[PDB]
A.B. asks: 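Take a look at the following structure, please.
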Amino acid sequence: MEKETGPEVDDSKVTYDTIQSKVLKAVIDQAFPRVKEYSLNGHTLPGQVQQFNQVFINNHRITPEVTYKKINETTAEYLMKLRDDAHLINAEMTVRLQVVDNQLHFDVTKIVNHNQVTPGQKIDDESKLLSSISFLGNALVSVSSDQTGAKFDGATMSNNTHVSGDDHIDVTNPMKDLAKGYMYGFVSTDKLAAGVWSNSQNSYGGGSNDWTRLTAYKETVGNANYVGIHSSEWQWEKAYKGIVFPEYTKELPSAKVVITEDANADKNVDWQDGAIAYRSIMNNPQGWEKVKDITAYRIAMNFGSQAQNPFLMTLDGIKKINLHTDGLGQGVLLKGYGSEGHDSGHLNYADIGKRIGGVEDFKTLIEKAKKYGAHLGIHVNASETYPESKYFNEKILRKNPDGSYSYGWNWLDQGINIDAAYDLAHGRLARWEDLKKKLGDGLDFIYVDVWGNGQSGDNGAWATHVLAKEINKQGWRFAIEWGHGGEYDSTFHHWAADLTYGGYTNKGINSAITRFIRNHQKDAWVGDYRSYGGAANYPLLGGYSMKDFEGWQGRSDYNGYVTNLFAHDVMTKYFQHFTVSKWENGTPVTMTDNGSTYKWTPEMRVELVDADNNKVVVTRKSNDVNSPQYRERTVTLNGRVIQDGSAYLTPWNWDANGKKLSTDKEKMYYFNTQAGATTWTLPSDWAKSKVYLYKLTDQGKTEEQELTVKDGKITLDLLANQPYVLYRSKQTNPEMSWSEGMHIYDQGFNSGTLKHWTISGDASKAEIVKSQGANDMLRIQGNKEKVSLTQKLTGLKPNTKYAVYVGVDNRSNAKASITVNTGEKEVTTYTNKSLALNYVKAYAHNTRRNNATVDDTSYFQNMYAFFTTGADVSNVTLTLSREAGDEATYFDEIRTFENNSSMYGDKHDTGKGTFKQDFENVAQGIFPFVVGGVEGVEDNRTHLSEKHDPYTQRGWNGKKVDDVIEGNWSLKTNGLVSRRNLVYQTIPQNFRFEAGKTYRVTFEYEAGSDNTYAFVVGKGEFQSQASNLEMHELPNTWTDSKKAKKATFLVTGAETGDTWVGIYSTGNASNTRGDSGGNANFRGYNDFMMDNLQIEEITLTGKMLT
Ligand SMILES: CO[C@H]1O[C@H](CO)[C@H](O)[C@H](O[C@@H]2O[C@H](CO)[C@H](O)[C@H](O)[C@H]2O)[C@H]1NC(C)=O
Ligand SMILES: [Ca+2]
Ligand SMILES: [Ca+2]
Ligand SMILES: [Ca+2]
Ligand SMILES: [Mn+2]
């Protein structure tokens, strides 16, 4: 390439003025809001040196008619009239340029469209809107190739761990052309650096073209190349299908430049100085301050009406983590907080799940969690919904160009995508306001699932900013799924934080510039995940690594959750308590993974600082990618080593909520992923102190040991992958008030003692033991006489109907019972040997080997008693008992909660009399059935269906069968045809078919096809050596009937007491009648619904006999 030239500048017709602070002077054109040049400390940066007196309005070139006024020494104002009759533009905008110390602010302060436009109303011609405003062509700041050290550095979005989003371009003549959008951009010489911010929600496309709030352009002027940074175009009045969006979607255009000399004392001026200064002018995502102290993120899941994780139970998990981490902050995302659980009832944000304890228990969880620094978030959806939802309506549904529905996912029900732009234009905001009104204060974050993938149409930068603003306005922090989503407003990205998702092309933001700037504000980055290579091969700043133990994707591994917190997240979070000040790359390395061999340039040293001038230095131990030392770092704090390789001894000076700890609560955490002694220099304020070590377990601080300090050092030779904490004085563990609000003390056996139970019988026969998943349970075994454990149920309401269950897995033939005595009445329920394995994936005691009870299986099922308090609730007792037996019964999770069922002879209480289940008042699950093994351990596709006429019922979009047969609820199975396996069954603890007695079992049912489902009678444990079943295939209910059919069966209890009934998925193919795909799923060909179950003990007489 040859030396380039362009027109020189003739400014003979130009009148310049100057505005200035004490440190920065800007020469500005009186004809147009353009900065020609900046001066600071005798150094200069050009702005837009060549006049370009045009703007683009709705993509039309306009020469504005401009009048000017200098307002004061720092501020000038421009009135800019905009007219283009041919394109229906008739408007004016006011712009101010203002110097604020070393910042220049560009603000459009007023916009007037002379066309009639009313936000929220129809507009007959959208071209009359003033929808976009572009000052592209006027650089806010630039640098010339004639200046020493001229360079541009910019970040674009990359989520591919192999590919940096950053460009580092020397500004030379000649140089390659440049006309490119950026998220962040800096120009610098060897004397000054500048960074540019804009609130522009411009996009030039997806991927690296998105979030492009800036545009950088090379312009050749005389014999110099300039690279200038421009704001990208701004948005203003917009509409969808002629309906103008609400006023709150309009945000006045704004941009800022900041100009700095050396800002990290390294005696070089470069983009890093610009990035430090940029923090003073940038947007900050709402809630960002909380991020650095949320060390323990995880999901607690509910699904399919099961109430796996009631709100008050999550509080016990929080207390376990509070003990085990010694008071680190937590963030629990409630996936399934609403409706029947996860992926039920979407869009109705205010519909807080009733079966997990409703708004009352959610409020209690939020309030009581505060003292543990545990913040709650909820999972919502703004992209797809189901017929059951209050907000399912034809008008909101997304349709394809051919008029067909844009179907969403099918699981419990068939979802349909919604049109997000329509939704915004028709009251979406009010749904968030309803939730805020119902729930009140204190919720931390909203995680909006899916958004960004285009299911609901446009989910780009502008639309996301609007959505985030709705959420932030209620006082909530924004979180989203994708590495590329919500770059402007998000504080958490699930595909960045869970390193296992999506593979190497789908992770966090792979940009050193962006991470430099914002590391401390969000979990949006590339974390350590060696098999993705590139940036993921041991990032020096770490990066959030999320695991779970409360049911999400069947995750139950509590111990692995805790070790991962300490292996990745403690140091990640430590660094977020500082801001990055310096970033040094090493030499390129060659890596091979994921089908490619590629070059990668790694960070070798990162420095961070805080407002107290603490200095952290993080150094990679080798640049050699094939050395073990490439995946090791040292960390120093003011020169003192706090991490080296597999071990750290890190100070922690913040409580669970991030507040500064008092001196006597200052601590250090030790963790080593390897065996071996390590030696550490103590800081001066520890070196002459006594020092005590504690091993951290789910019981808190244990195994107190005073350490020997020698020469101001300590040596630690402790268990690998085990957290410890150190203090300068003896510490104790506080009272946890286990299970507060749940009417019983320590419902999950987490407190390490049984002393709060009154034990009758031989107490040595009752112990707390760990499941195969380390879940503590009550075990009773080897007892020759009855053993009982009793507590009062406390805090109950008088004259109130309740349910109580305990999870029970009984390996003994002995009677294992739950008994409630209200003071006035006693009710009892029991099980002999358990016969149904647990197949609920989000439930902690399902039968997956790694959270099995014992012998690699779990038969846990909830065992209920139903009772009513009288006038006095001072002496209501709950007793767990086990009659004599050699083998073990396991109990866990005692849940007492209001319930208004009337299942026993039309009365609430456990008692005799005809059994009826109308499904209208189910405590949880599908009682008296439990889910069977048809799908193995799964988020079972059987749940309680909720009525929403007409959408859930026959006829809507050709639906063949009703979701709900009578009342508001039925028992629905979705699409489980041709599986040759058991869908669900009664178990004797739920309904016992007494030995030698005969019962009439009646129910109403819908079935979409003939003989796809069968009513079955079995006994004992079902085996798919396959068990004998009495088989009654059921015909479809719609080809020859306008409603559910009634079925009736006689069943005599086997002498072994273990008879049950259920619904079985046959081997027969279903019939979708020529329909396919979404229509076939929606219309219910493959579905089965039950309602109005009745089981009546009878004596066979007359024609019953035949
Ligand atoms: C194409 O299947 C994948 O994506 C769908 C959504 O379009 C599902 O998320 C699916 O995961 C499955 O989700 C259901 C609940 O909807 C259930 O939780 C299953 O355990 C889970 O496999 C996902 N992957 C698949 C089917 O492998
Ligand atoms: Ca510097
Ligand atoms: Ca437990
Ligand atoms: Ca019903
Ligand atoms: Mn449903």
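Computation of the quantities below employed the complete heavy-atom set of this structure, encompassing side-chain atoms and omitting hydrogens, waters and symmetry-equivalent molecules. Ligands are counted one by one from 1 in listed order, and the atoms in each one are counted from 1 as well. Residue indices begin at 1 and follow the sequence shown.
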A.B. asks: Would you please test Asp343 and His346 for side-chain hydrogen bond (donor to acceptor under 3.5 Å, both in side chains) and show each step?
C.D. replies: CA-CA 7 Å; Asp343 283 347; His346 278 322; 2.8 Å; yes
A.B. asks: What class does the angle between the rings of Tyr407 and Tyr405 fall in, given that below 30° is parallel, 30 to 60° is tilted and above 60° is perpendicular?
C.D. replies: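 Rings of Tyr407 and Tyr405: perpendicular, over 60°.
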A.B. asks: Counting no waters, how many protein N/O/S atoms sit under 3.0 Å from the Ca ion (ligand 3)?
C.D. replies: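 If we list every protein N, O or S atom nearer than 3.0 Å to the Ca ion (ligand 3), we get 5.
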A.B. asks: With salt bridge (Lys or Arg N to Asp or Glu O under 4.0 Å) as the test, pick out the partner of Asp963 among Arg954, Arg1083, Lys972.
C.D. replies: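 Running salt bridge (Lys or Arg N to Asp or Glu O under 4.0 Å) over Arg954, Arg1083, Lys972 with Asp963 returns exactly one hit, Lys972.
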A.B. asks: Under the 3.5 angstrom rule, does the side chain of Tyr386 hit a backbone N or O of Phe392 as a donor-acceptor pair?
C.D. replies: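 No.
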A.B. asks: Quick one: closest heavy-atom pair of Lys320 and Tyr558, and the distance?
C.D. replies: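 The answer is O-OH, 3.7 Å.
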A.B. asks: Given atoms NE2 of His943 and OE1 of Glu388, what angle do they subtend at the Mn ion (ligand 5), to the nearest 10 degrees?
C.D. replies: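 Vertex at the Mn ion (ligand 5): approximately 180°.
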A.B. asks: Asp413: which N/O/S atom is nearest the Mn ion (ligand 5)?
C.D. replies: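 That would be atom OD2.
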A.B. asks: Can you tell me how far apart CG (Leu837) and CZ (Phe860) are? Round to the nearest 0.5 Å.
C.D. replies: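 Taking CG in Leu837 and CZ in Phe860, the distance rounds to 13.0 Å.
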A.B. asks: Anything under 30° is parallel, anything over 60° is perpendicular, the rest tilted; go ahead and classify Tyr1005 against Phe1003.
C.D. replies: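 Taking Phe1003 first and then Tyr1005, their aromatic rings stand perpendicular (interplane angle over 60°).
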A.B. asks: Would you confirm whether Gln989, through its side chain, and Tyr864, through its main-chain N or O, come within 3.5 Å as a donor-acceptor pair?
C.D. replies: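 Judged by distance alone, no pair lies under 3.5 Å.
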A.B. asks: Does atom CD of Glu740 have more than 12 heavy-atom neighbours from other groups under 6.0 Å away?
C.D. replies: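 Result for CD/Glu740: enclosed.
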A.B. asks: Under a 3.5 Å distance rule, please check whether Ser1065 uses its side chain to pair with a backbone N or O of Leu976 as donor and acceptor.
C.D. replies: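 Between the backbone of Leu976 and the side chain of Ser1065 there is a qualifying donor-acceptor contact (under 3.5 Å).
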A.B. asks: One pair per line, please: each N/O atom of ligand 1 matched with every protein N/O atom under 3.5 Å away, atom names first, then the distance to 0.1 Å.
C.D. replies:
{"from": "ligand 1", "atom 1": "16 (O)", "to": "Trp409", "atom 2": "NE1", "distance (Å)": "2.9"}
{"from": "ligand 1", "atom 1": "18 (O)", "to": "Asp939", "atom 2": "OD2", "distance (Å)": "2.8"}
{"from": "ligand 1", "atom 1": "20 (O)", "to": "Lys841", "atom 2": "NZ", "distance (Å)": "3.0"}
{"from": "ligand 1", "atom 1": "20 (O)", "to": "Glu938", "atom 2": "OE1", "distance (Å)": "2.6"}

